[PDB]
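Peer 1: Shown below is the structure under consideration.
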Number of protein chains: 2
Amino acid sequence: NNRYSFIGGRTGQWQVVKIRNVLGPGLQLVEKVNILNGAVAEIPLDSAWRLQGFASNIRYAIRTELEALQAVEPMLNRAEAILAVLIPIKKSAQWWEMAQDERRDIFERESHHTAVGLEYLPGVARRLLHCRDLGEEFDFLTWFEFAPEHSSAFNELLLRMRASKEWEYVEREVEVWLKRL
Amino acid sequence: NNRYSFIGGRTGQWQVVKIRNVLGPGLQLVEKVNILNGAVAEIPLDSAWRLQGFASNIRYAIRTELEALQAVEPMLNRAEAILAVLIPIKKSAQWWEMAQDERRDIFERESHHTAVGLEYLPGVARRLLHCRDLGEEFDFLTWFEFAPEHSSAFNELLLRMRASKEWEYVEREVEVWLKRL
Ligand code: HEM
Ligand code: HEM
Ligand SMILES: O=N[O-]
Ligand SMILES: O=N[O-]
């Protein structure tokens with residue numbers, strides 16, 4: 001199954017370290033986050049929110065970039081990757097109205113998204129889920145996990161991405177920092 | 001709502017004229033197709049199958065191409081457009097593993113999908129729905145409607161599309177011809 005759900009509440013495999021309401025309406029603070037593979041129609045009792053997304057095909061990356069990423073990208077669930085960050089993101093309607101070449105030019109030519117992110121591998125593992133087409137309040141659920149030694153590097157990366165032209169189209173953003181239980 | 005459901009059965013707004021099983025497993029013959037805006041977890045009692053897809057953002061079309069289509073494409077629900085064709089399509093795993101630049105090269109550079117399709121406007125209205133990310137047996141639900149006087153032109157377009165490099169990656173196709181009731 002390509003669907004994944006993220007349940008904010010009192011149970012889960014991940015302990016919430018903090019929630020930073022970066023931009024727009026935030027997410028209610030909770031004790032844990034439970035990650036399930038599949039959809040969850042029955043939102044658990046004693047649970048504050050539910051985020052769901054699906055893995056999908058590549059949308060912007062080209063062959064040379066995929067080869068670069070595939071050459072260094074770390075696997076998920078490394079023994080040492082005990083910190084994780086779940087960053088739901090929403091982009092503006094103006095972004096989704098643009099043609100494919102316009103969005104690619106902003107994504108890479110202007111923001112150099114992949115080139116910048118490649119500088120922080122193999123320290124950080126990542127997973128990208130889509131959820132706009134599901135009608136969710138967010139468009140993407142991004143997931144990053146890494147060892148504590150790279151926490152400062154991840155914060156650096158966040159600052160660099162948040163100054164890019166691409167992020168001028170971001171309308172809602174939240175950071176949920178997690179600790180592997 | 002961006003989700004659309006197509007129920008094959010004994011009720012609906014469209015009458016099935018014929019079902020041609022072009023490639024792979026087919027669709028059971030039914031009297032009518034019922035189109036519903038929204039998801040449908042409960043397939044009606046007197047129905048054979050259920051297809052669902054969602055409208056999504058542009059994945060390949062360039063700005064200049066979108067401008068060319070927007071200048072000639074007709075709207076849906078024209079009084080004259082009493083014929084419709086619903087063509088579910090599945091593409092091979094080899095297609096989905098390719099990078100964005102590779103898939104775009106096959107779609108337009110080699111197959112000229114959009115240049116070829118533009119030659120049959122404004123006769124043919126169209127709607128593209130995505131369903132692979134929903135876990136459906138098909139990847140796309142394509143919809144076309146037109147006046148009977150264009151039926152020969154549409155068939156010609158089918159033969160042209162099926163001879164393209166893009167269609168070498170198609171591994172399941174069905175044509176459901178419909179008449180507005
Ligand atoms: C850490 C290293 C990173 C790498 C290697 C990386 C790489 C990529 C690549 C190659 C894509 C394109 C996927 C596709 O073609 O479909 C992508 C998409 C995306 N990334 Fe990252 N990225 C990184 C960090 C981040 C961070 C820190 C964030 C958010 C804070 C982020 C948010 C996104 C979003 C929202 C998308 C979807 C873009 C869209 O479809 O509009 N990425 N990333
Ligand atoms: C009749 C005139 C047609 C026009 C103007 C046209 C135009 C287009 C355009 C511009 C796209 C790109 C959508 C995007 O960028 O997201 C597209 C996608 C697609 N079209 Fe057509 N098309 C036509 C006919 C057809 C026919 C007859 C079929 C099937 C028999 C078809 C099947 C598809 C499929 C499966 C896709 C999605 C491909 C993918 O995303 O991998 N089209 N069409
Ligand atoms: O690729 N950003 O999760
Ligand atoms: O061109 N898909 O309706």
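Quick note on naming: the chains in the structure tokens go A, B, ... in the order shown, residues restart at 1 in each chain, and ligands are numbered from 1 in order of appearance.
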Residues of segment 9-116 of chain B classed as alpha helix (DSSP H) by DSSP on the backbone are to be reported as a short mmCIF file (atom, residue, chain, number, x, y, z; two decimals) with N, CA and C atoms, in the first residue's frame.
Peer 2:
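What ended up in result_35.cif:
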data_model
loop_
_atom_site.label_atom_id
_atom_site.label_comp_id
_atom_site.auth_asym_id
_atom_site.auth_seq_id
_atom_site.Cartn_x
_atom_site.Cartn_y
_atom_site.Cartn_z
N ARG B 63 3.56 25.75 -20.64
CA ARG B 63 2.72 26.95 -20.68
C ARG B 63 2.22 27.23 -22.09
N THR B 64 3.13 27.25 -23.07
CA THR B 64 2.71 27.51 -24.45
C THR B 64 1.68 26.49 -24.91
N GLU B 65 1.86 25.22 -24.53
CA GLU B 65 0.90 24.20 -24.91
C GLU B 65 -0.44 24.43 -24.22
N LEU B 66 -0.42 24.79 -22.93
CA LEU B 66 -1.67 25.08 -22.23
C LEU B 66 -2.38 26.27 -22.86
N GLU B 67 -1.63 27.28 -23.30
CA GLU B 67 -2.24 28.42 -23.97
C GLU B 67 -2.91 27.99 -25.27
N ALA B 68 -2.27 27.09 -26.02
CA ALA B 68 -2.85 26.63 -27.27
C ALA B 68 -4.13 25.84 -27.03
N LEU B 69 -4.15 25.00 -25.99
CA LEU B 69 -5.35 24.23 -25.69
C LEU B 69 -6.47 25.14 -25.19
N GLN B 70 -6.15 26.05 -24.27
CA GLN B 70 -7.16 26.93 -23.71
C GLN B 70 -7.81 27.82 -24.77
N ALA B 93 4.91 -0.78 -15.29
CA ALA B 93 5.83 -0.38 -14.23
C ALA B 93 7.07 0.31 -14.79
N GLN B 94 7.53 -0.10 -15.97
CA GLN B 94 8.70 0.53 -16.57
C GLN B 94 8.46 2.02 -16.82
N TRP B 95 7.23 2.40 -17.13
CA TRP B 95 6.93 3.82 -17.35
C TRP B 95 7.05 4.61 -16.06
N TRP B 96 6.50 4.08 -14.96
CA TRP B 96 6.44 4.84 -13.72
C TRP B 96 7.79 4.95 -13.03
N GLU B 97 8.73 4.05 -13.31
CA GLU B 97 10.06 4.16 -12.73
C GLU B 97 10.91 5.23 -13.41
N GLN B 100 11.25 12.25 -14.67
CA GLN B 100 10.30 13.19 -15.27
C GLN B 100 10.74 13.62 -16.66
N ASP B 101 12.04 13.88 -16.85
CA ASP B 101 12.51 14.29 -18.17
C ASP B 101 12.36 13.17 -19.19
N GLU B 102 12.59 11.92 -18.77
CA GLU B 102 12.41 10.79 -19.68
C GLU B 102 10.95 10.65 -20.09
N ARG B 103 10.03 10.70 -19.12
CA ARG B 103 8.62 10.51 -19.44
C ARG B 103 8.09 11.65 -20.29
N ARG B 104 8.53 12.88 -20.02
CA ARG B 104 8.11 14.02 -20.83
C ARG B 104 8.62 13.90 -22.26
N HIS B 113 1.91 13.90 -28.26
CA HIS B 113 0.56 13.65 -27.76
C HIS B 113 -0.30 14.90 -27.86
N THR B 114 0.22 16.05 -27.42
CA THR B 114 -0.58 17.26 -27.37
C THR B 114 -0.75 17.88 -28.75
N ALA B 115 0.31 17.90 -29.57
CA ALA B 115 0.18 18.41 -30.93
C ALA B 115 -0.83 17.58 -31.72
N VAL B 116 -0.80 16.26 -31.55
CA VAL B 116 -1.76 15.41 -32.25
C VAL B 116 -3.16 15.64 -31.71
#
Peer 1: Please return as a list in words the residues found within 6 Å of ligand 2, counting only C-alpha atoms and all ligand atoms.
Peer 2: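 Those residues are residues 58, 59, 60, 61, 89, 114, 117, 118, 120, 124, 140, 142 and 158 of chain B.
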Peer 1: At a cut-off of 8 Å and counting only C-alpha atoms and all ligand atoms, what residues surround ligand 3? Please answer as a count of residues only.
Peer 2: 8
Peer 1: Return the single residue from A:78, A:132, A:18, A:180 that is closest to ligand 1, with distances computed using only C-alpha atoms and all ligand atoms.
Peer 2: A:132
Peer 1: Pick out the closest residue to ligand 1 from this set: A:134, A:121, A:153, A:16. Count only C-alpha atoms and all ligand atoms.
Peer 2: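 Looking only at the distances to ligand 1, the closest residue turns out to be A:121.
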Peer 1: Tell me which protein, DNA and RNA residues are within 12 Å of segment 7-11 of chain A, counting only C-alpha atoms, leaving out same-chain ones fewer than 3 positions away, and put them as a ChimeraX atom specification.
Peer 2: /A:4,14-16,19,27-53,86,176,178,181
Peer 1: Please compute the atom CA of residue 151 of chain B-atom CA of residue 83 of chain B distance, one decimal, in Å.
Peer 2: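 Separation between atom CA of residue 151 of chain B and atom CA of residue 83 of chain B: 8.2 Å.
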Peer 1: Apply DSSP to the backbone of this structure and, from chain B, keep only the residues in strand (DSSP E or B); write these as a ChimeraX atom specification.
Peer 2: /B:3-9,14-23,32-37,47-54,83-91,125-130,140-146,170-180
Peer 1: List the neighbours of residue 148 of chain A out to 10 Å using only C-alpha atoms; skip same-chain residues closer than 3 positions along the sequence, and give me the result as a VMD selection string.
Peer 2: chain A and resid 80 to 84 123 145 151 to 154 179
Peer 1: Which one is closest to chain B: A:122, A:12, A:135, A:88? Count only C-alpha atoms.
Peer 2: A:135
Peer 1: Of the candidates A:166, A:110, A:105, A:173, which shows the shortest atom-to-atom distance to chain B, using only C-alpha atoms?
Peer 2: A:105
Peer 1: Could you check which of B:85, B:55, B:75, B:125 is closest to chain A, using only C-alpha atoms?
Peer 2: B:55
Peer 1: Give me, please, the distance in Å between atom CA of residue 24 of chain B and atom CA of residue 172 of chain B, quoted to one decimal.
Peer 2: 4.8 Å
Peer 1: Have a look at atom 30 (C, counted along the ligand's line) of ligand 1 and atom CA of residue 3 of chain B and let me know their distance in Å, one decimal.
Peer 2: 28.3 Å
